[PDB]
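Undergrad: Sequence, then the experimental structure. Questions to follow.
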There are 2 protein chains.
Amino acid sequence: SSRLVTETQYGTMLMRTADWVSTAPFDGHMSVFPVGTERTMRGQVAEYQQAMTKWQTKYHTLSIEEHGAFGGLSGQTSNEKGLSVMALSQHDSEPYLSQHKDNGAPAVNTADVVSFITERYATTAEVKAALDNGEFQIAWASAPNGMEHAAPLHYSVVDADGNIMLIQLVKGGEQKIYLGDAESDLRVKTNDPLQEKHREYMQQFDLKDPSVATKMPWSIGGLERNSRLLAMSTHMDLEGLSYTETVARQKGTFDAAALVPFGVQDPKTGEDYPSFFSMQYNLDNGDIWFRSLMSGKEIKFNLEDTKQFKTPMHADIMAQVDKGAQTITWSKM
Amino acid sequence: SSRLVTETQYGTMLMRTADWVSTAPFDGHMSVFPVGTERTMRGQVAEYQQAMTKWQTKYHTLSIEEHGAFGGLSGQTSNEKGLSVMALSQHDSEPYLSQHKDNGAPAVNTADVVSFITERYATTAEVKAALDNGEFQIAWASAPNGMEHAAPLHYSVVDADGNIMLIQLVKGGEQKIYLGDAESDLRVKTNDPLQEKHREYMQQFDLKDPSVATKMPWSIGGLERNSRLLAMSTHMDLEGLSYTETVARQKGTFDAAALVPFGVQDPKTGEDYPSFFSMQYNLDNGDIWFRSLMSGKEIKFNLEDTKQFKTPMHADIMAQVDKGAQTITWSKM
Ligand SMILES: CCCCCC(=O)CC(=O)O
Ligand SMILES: CCCCCC(=O)CC(=O)O
């Protein structure tokens, strides 16, 4: 999976792919949580003293869930205030998960924490404050709902003003938070290795050179996708473009850097890692594009289109898009 | 520009991009030539003793023309028999253009030859026979209509059974002909260098290794796009996919290997080379997808849709697609 934030004159744009091995194909769904919903956490957090068993939705939230391999875990969310939260795989955190220390805050199962954040908070700084004040914690050491083992993930929050927070579990089980804006290197997030190692790798490349991407090794790995996203986003020029053209330019640039095709094997894993679906957001205006790489089809919609709903709703959005749907058919949850 | 042929259970699929420097952006148009049309060649062929001044359309043909830099030259065509012809840049032929020897055949201006071939012939073998019998030749040494200088292009013919011919002007002005099917390396064609040099380059890579694309240097040049298309198409696995999924699979695999993003400079040229538009064809059923990378938008249609036209017709297809058209508006030529 790869994620790119790009400041544009029409809004803060975010693009993200969901990638996995071909032997456990992804299946993207979406849920709508309206303001006032009484929410019950999925799963357990038995490793933690206190659980975020129940909460109320404060901000209208659309949550993209992965049903094919992650049991319905919420991996990409947005809310009516333009906050976006996301979880991406971070395999280098796996040995450290059981070392996360319970800080006594109510722990949120990793199936729900991404959505929880958007449901409760409006800005990146708010989320940082809530973490620091102990209003919640990520249940790092607990299996996601319905799964056997704690998942190696990393998290980030991007707000409508381009403030970014990266949350990563590092050696010894420590939680490292990185902050930056949408012009910083935190605009790009992929998978392993950990962010320090990406930064180390990147020192060899002069991003000012417009030919720099041609000097970078290619692979399907997180390392190479991070480097190439940073290179190609640095020389993206959005001046003079219409909104459609700006959206497309981010899409095409992102795809060249980061779309993973089927069939290529990573020698570091002995497995493939194709992209299954992707989302693009304008955090300033509610625009969303969901694209399935299984069908090559995409639909555009807007979060505001879902405020009509007074109780939670659900759609098998990837399936629908794959059958050629042009509009989402919502079901009561 | 890059072109990939892929055999599938649903038909012979062909995908091609049109790439150029961002200082002279492409603008694709399309012309339709119905059966029985009395055609008049565009431009002159004064370097040759006999001109293909006139011909008759035998096979219903759709011709994609490049109007932004190439004066309206026909660069990608298809007919009602499932024959596809195409011209792609081949800068390494430039030194040899004026050395092509006139064999006395009626010579076709390079603005039209691609369309001419689809309009006369049904199969790759037929075109090779026509060349060998002197029915026509390509006017290699003559400027395309409306342009100052002979253009450095190479041509290929791909028929509905997957037979491929590459026609490439090499040392001494020799017209070199390469034959193979859609499982040969000729299924991939890009730009410079010449085909023998791509083949030499490729000897270092074992395409049977599923990790081989990870071992290949990346750049925007023809060399690296040929290599990557060969690698990624080797491990493309179309088993069990639906038609939609198969089309998407070729598209995604092709894009990963060969879509050229804006902003990246080739150190070999000091220039960029972004993809402006692409075409996908099912040669067995007439399906056509035209995608603009400037808008990100695409239209699907079928050659059959144009079979009712009783006079030649034209459409500014890229312009229409970029404005959000869902169907093509045609005008009389
Ligand atoms: C909705 C996104 C998927 C959620 C599961 C993941 O974390 C996998 C990833 O894409 O890295
Ligand atoms: C219709 C496609 C464009 C025709 C002009 C070219 O031959 C250039 C290329 O893409 O290399």
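TA: It's in. Numbers count the residues shown, from 1 in each chain, chains lettered A, B, ... in the order given. Ligands and ions are numbered 1, 2, ... in the order given.

Undergrad: contacts for the longest helix along chain A?
TA: If you go by DSSP state H, chain A has its longest helix at helix A:243-258. Around helix A:243-258, the neighbours that count as contacts under C-beta atoms under 8 Å, 6 or more residues apart in numbering or on different chains are A:2, A:4, A:6, A:8-10, A:13, A:15, A:17, A:190, A:213, A:225, A:228-229, A:231-233, A:236, A:238, A:241, A:275, A:280, A:282, A:289, B:255-256, B:259-264, B:275, B:293-297, B:322, B:324. Just so you know, the C-beta spots here come from the backbone N, C-alpha and C atoms, and that holds for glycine as well.

Undergrad: Does at least one residue of it sit close to ligand 1?
TA: No: contact of helix A:243-258 with ligand 1 (C-beta under 6 Å from any ligand atom) is absent, the minimum separation being 11.9 Å.

Undergrad: Please work out which residues outside the helix or strand following that helix touch it.
TA: On the C-terminal side of helix A:243-258, the nearest following helix or strand under DSSP states H and E is strand A:275-282. For strand A:275-282, the surrounding residues in contact (C-beta under 8 Å, 6+ apart) are A:10-20, A:25-26, A:28, A:64, A:68, A:76, A:78, A:84, A:247, A:250-251, A:258-261, A:287-294, A:318, B:252.

Undergrad: swap the cut-off to 6 Å and go again
TA: Strand A:275-282 is touched from outside by A:11, A:13-19, A:26, A:28, A:76, A:78, A:259-260, A:288-293, A:318, with contacts defined as C-beta atoms under 6 Å, 6 or more residues apart in numbering or on different chains.

Undergrad: in what helix or strand does the spatially most central residue of chain A lie?
TA: Per C-alpha atoms, centre = their mean, the C-alpha nearest to the average position across chain A is that of residue A:86, at 2.9 Å. Using DSSP H and E, residue A:86 sits within strand A:84-89.

Undergrad: Give me the helices and strands touching that strand, please.
TA: Other helices and strands packing on strand A:84-89, by 3 or more C-beta pairs under 6 Å, 6 or more residues apart in numbering or on different chains; DSSP states H and E, are strand A:73-79, helix A:113-120, strand A:153-158.

Undergrad: quick one: strands adjacent to the shortest one?
TA: In the sheet, strand A:153-158 lines up against strand A:84-89 (antiparallel), strand A:163-170 (antiparallel) (DSSP bridges).

Undergrad: Please spell out which residues along the strand holding residue A:86 are buried.
TA: Under the neighbour-count criterion of 16 or more other C-beta atoms under 10 Å in any protein chain shown, strand A:84-89 has A:84-89 buried.

Undergrad: Could you list everything the residue lying closest to residue A:78 once chain neighbours are set aside pairs with in the sheet?
TA: The spatially closest residue to residue A:78, leaving aside those adjacent along the chain, is residue A:84, at 4.9 Å (C-beta to C-beta, 6 or more residues apart in numbering or on different chains). Using DSSP bridges, the beta-bridge partners of residue A:84 come out as residue A:78, residue A:158.

Undergrad: Contact partners for residue A:84?
TA: Taking C-beta under 6 Å, 6+ apart as the definition of contact, the neighbours of residue A:84 are A:14, A:78, A:158, A:283.

Undergrad: Ligand 2 versus the closest residue in space to residue A:215 that isn't next to it in sequence, what's the distance?
TA: Distance criterion C-beta to C-beta, 6+ apart; nearest residue to residue A:215, sequence neighbours excluded, is residue A:205 at 6.7 Å. Counting by C-beta to the nearest ligand atom, to the nearest Å, the gap between residue A:205 and ligand 2 amounts to 30 Å.

Undergrad: would you say residue A:205 is within a helix?
TA: No: when the secondary structure is assigned by DSSP: H, G, I helix; E, B strand; the rest coil, residue A:205 falls in coil instead of a helix.

Undergrad: Restricted to helices, list the contacts of helix A:243-258.
TA: Among these, the members found in helices (DSSP H) are A:225, A:228-229, A:231-233, B:255-256, B:322.

Undergrad: May I ask you to confirm that residue A:267 is in contact with residue B:211?
TA: Yes: at 4.5 Å, residue A:267 and residue B:211 qualify as touching, with contact defined as C-beta atoms under 6 Å.

Undergrad: Those two: who's more crowded?
TA: Each of residue A:267 and residue B:211 has its neighbours counted (other C-beta atoms under 10 Å in any protein chain shown); residue B:211 has more, 19 against 14.

Undergrad: what about the more buried one, distance to residue A:272?
TA: Spatial separation of residue B:211 from residue A:272 under the definition C-beta to C-beta, to the nearest Å is 10 Å.

Undergrad: which residues are common contacts for those two?
TA: When contacts are counted by C-beta under 6 Å, 6+ apart, the set common to residue B:211 and residue A:272 consists of residue A:265.

Undergrad: Quick one: residues contacting residue A:76.
TA: Listed by C-beta under 6 Å, 6+ apart, the contact partners of residue A:76 are A:16, A:64, A:86, A:279.

Undergrad: please redo it, this time with the cut-off set to 8 Å
TA: Per C-beta under 8 Å, 6+ apart, neighbours of residue A:76: A:16, A:18, A:63-64, A:84-87, A:114, A:279.

Undergrad: what does chain A put close to ligand 2?
TA: Selection of chain A residues close to ligand 2 by C-beta under 6 Å from any ligand atom yields an empty set.

Undergrad: how near is the residue of chain A found nearest ligand 1 to residue A:277?
TA: Nearest to ligand 1, among the residues of chain A, is residue A:75, at 2.5 Å (C-beta to the nearest ligand atom). Note on residue A:75: its distance to residue A:277, by C-beta to C-beta, is 10 Å.

Undergrad: ok, the residue of chain A found nearest ligand 2 to residue A:330 distance?
TA: Closest approach of chain A to ligand 2 (C-beta to the nearest ligand atom) occurs at residue A:252, with a separation of 16.7 Å. From residue A:252 over to residue A:330 the distance is 30 Å, taken as C-beta to C-beta.

Undergrad: More neighbours: which of the two?
TA: Neighbours were tallied for residue A:252 and for residue A:330 using other C-beta under 10 Å; the higher tally belongs to residue A:252 (23 against 18).

Undergrad: so how far is residue A:62 from the residue nearest to residue A:78?
TA: Remark: distance between residue A:84 and residue A:62 (C-beta to C-beta) = 10 Å.

Undergrad: Could I get the contacting residues of the residue nearest to residue A:73 when sequence neighbours are not counted?
TA: Nearest residue to residue A:73, sequence neighbours excluded (C-beta to C-beta, 6+ apart): residue A:111, at 4.4 Å. Shown here is residue A:111, whose contacts under the criterion C-beta under 8 Å, 6+ apart are A:42-43, A:70-74, A:144-146.

Undergrad: Which members of those are positioned in helices?
TA: Those of the contacts of residue A:111 lying in helices (DSSP H): none at all.

Undergrad: Enumerate the residues of the stretch 51-200 of chain A near ligand 1.
TA: Near ligand 1, the residues belonging to the stretch 51-200 of chain A are A:64, A:66, A:70, A:73, A:75-76, A:87-89, A:153 when assessed by C-beta under 6 Å from any ligand atom.
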